[PDB]
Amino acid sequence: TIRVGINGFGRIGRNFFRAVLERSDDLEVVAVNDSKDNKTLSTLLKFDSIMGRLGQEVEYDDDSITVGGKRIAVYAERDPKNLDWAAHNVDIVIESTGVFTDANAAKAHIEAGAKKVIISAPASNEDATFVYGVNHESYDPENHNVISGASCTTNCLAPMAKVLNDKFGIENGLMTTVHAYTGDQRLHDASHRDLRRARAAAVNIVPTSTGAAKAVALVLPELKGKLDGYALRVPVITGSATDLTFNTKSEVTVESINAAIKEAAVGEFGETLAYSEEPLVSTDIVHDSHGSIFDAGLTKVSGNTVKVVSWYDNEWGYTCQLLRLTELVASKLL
């Protein structure tokens, strides 16, 4: 058993906890740090507006929750430096607060006794950034200690980008992600540093910067400076699509583009990238464990320009990717 702690028991933190329970046989969450009190925190674990009721018994007290009869230690420190992960023999900490995406801050978990930190977002000053299935072979068990699992969008874009770059060569490309609203958007028109994300999320198409097409550079260095993009946040609670338009010197058809993805989407890579010819809408990919679900029916080719669209559950799909990377960290030296 490799012992895991979660810092930030929000959407991704709670997704991750459920993923551990459902898909892991060698990881165990033993400690959680979060701003919520234990009554709220256990309630939100038990009941989920997206995932439904947890399949296990949940109780709490002043210092813990207990899930399927396993006591889990719970803290409420604003500052990671006041945690003690060593006290519980925690090896890996999932940093999913959204406020410690700077590795120089997330480093504090390691001072506090953790061996590894995996940031559940694009980071700064990180040892390394990973999309599982794309660049995880490059993980250095000795020197990669505070790492990033990238964004939901990057985990969708990169697997497909890699396949098509390897096969046909991408010269330039621009991305639009049409993406479920997230918790940092406001419910009613209200204060936000981003004036568009200020705006009532459930009744607006909300453009917002993404970053997660340039972040492909960190994971596919071949594509540095060749990809850019942005998001339109729209009123669905989870489920997103990445629409990539790109040029290639290759001679391509709809058919050959699609066949390139079909032939890659196999074996273990095929757990990251799926290939579909089904008449998909967003609800069909909710709770899909892939990082990227390629939609062959949406491929277009105009000369040397190609549009391709891949789906992703930005919550569960990303989390499943984050867990694959967590499994890789645990299987190697700590």
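Just count from 1 along the sequence shown to find any residue number.
Mean CA B-factor, 186 to 194 versus 168 to 176: the higher value falls on 168 to 176.
Between the stretches 158 to 166 and 232 to 240, it is 158 to 166 that shows the larger average CA temperature factor. Comparing the C-alpha B-factors of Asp295, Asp48, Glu59, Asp34 in the entry, the top value falls on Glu59.
For the set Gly52, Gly291, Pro279, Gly69, the PDB entry assigns the largest Cα B-factor to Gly69. In this PDB entry, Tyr139 carries a Cα temperature factor that places it within the highest third of its chain's modelled residues. Per the deposited record, the Cα B-factor of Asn258 falls in the middle third when ranked against the other modelled residues of its chain. In the PDB entry, a CA B factor belonging to the lowest third of its chain's modelled residues is recorded for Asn314. In this PDB entry, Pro80 carries a Cα temperature factor that places it within the highest third of its chain's modelled residues. Split the chain's modelled residues into thirds by C-alpha temperature factor. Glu95 is in the lowest one.
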